[PDB]
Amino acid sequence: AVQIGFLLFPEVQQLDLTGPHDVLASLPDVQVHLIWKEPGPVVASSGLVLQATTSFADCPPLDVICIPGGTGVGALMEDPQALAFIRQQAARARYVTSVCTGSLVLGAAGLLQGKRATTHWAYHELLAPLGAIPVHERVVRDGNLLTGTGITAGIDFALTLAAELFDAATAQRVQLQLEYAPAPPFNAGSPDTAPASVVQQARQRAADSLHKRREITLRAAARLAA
């Protein structure tokens, strides 16, 4: 059975995780894990309560690891236990993946050094200090690393992983069973297509978080430099 694991941490952006989880859990001969320091309740940034199913120590070797983003990424970038777990699993995983600011966690773990990668538009400047080659594209592949932008990035890349783990017909069947054919009613999902006034509002609202994450990123980079 293919072993797929998601890191589930306090203040996760739950949709980053729950989207790909429901797609991948629809496949035959998969087992999906929600991983934290111990099994039990973990609260997402919205207040939604989720349950982790396994600890770091008990998690099986994973074929796919996925790091979601969220407010809680800042703490995870300086959590040595979590970073060590991610490094251990990434060494043998067939696919190392992240959604949105989850790639900053991969960066803090040292897994983006010399690699092409993306992250959420408001935090994109933090990739270069973590050793990455920053790329402004929605899904960026480099070897076995996939990084994606947007809260639903993992839904789309989960279909790619289904096609490569199984075959294209299986991915198409899952897409049809879920009737997945999005059609957003607005076109403001990128800073290049949203109105300038909306981009300004969004940037202002992210400014305090960006400032705090600049500080965290520099400390994380210092650890990689040692």
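Throughout, we count residues from 1 along the sequence that is shown.
As listed in the deposited structure, the average C-alpha B-factor of 113 to 121 and of 88 to 96 is greater for 88 to 96. Per-stretch averaging of Cα B factors for 12 to 20 and 201 to 209 places 201 to 209 on top. Residues shown: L50, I65, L27, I35. Highest C-alpha temperature factor in the entry: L27. Sorting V42, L159, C59, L176 by the CA temperature factor given in the entry leaves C59 at the top. Among the modelled residues of its chain, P182 has a C-alpha B-factor that falls in the highest third, as given in the PDB entry. Among all modelled residues in this chain, the alpha-carbon of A226 has a temperature factor (C-alpha) in the highest third. The deposited CA B-factor of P191 belongs to the highest third of values across its chain. Per the deposited record, the Cα B-factor of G150 falls in the lowest third when ranked against the other modelled residues of its chain. Ranked within its chain, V2 lands in the highest third, by CA B factor from the PDB record.
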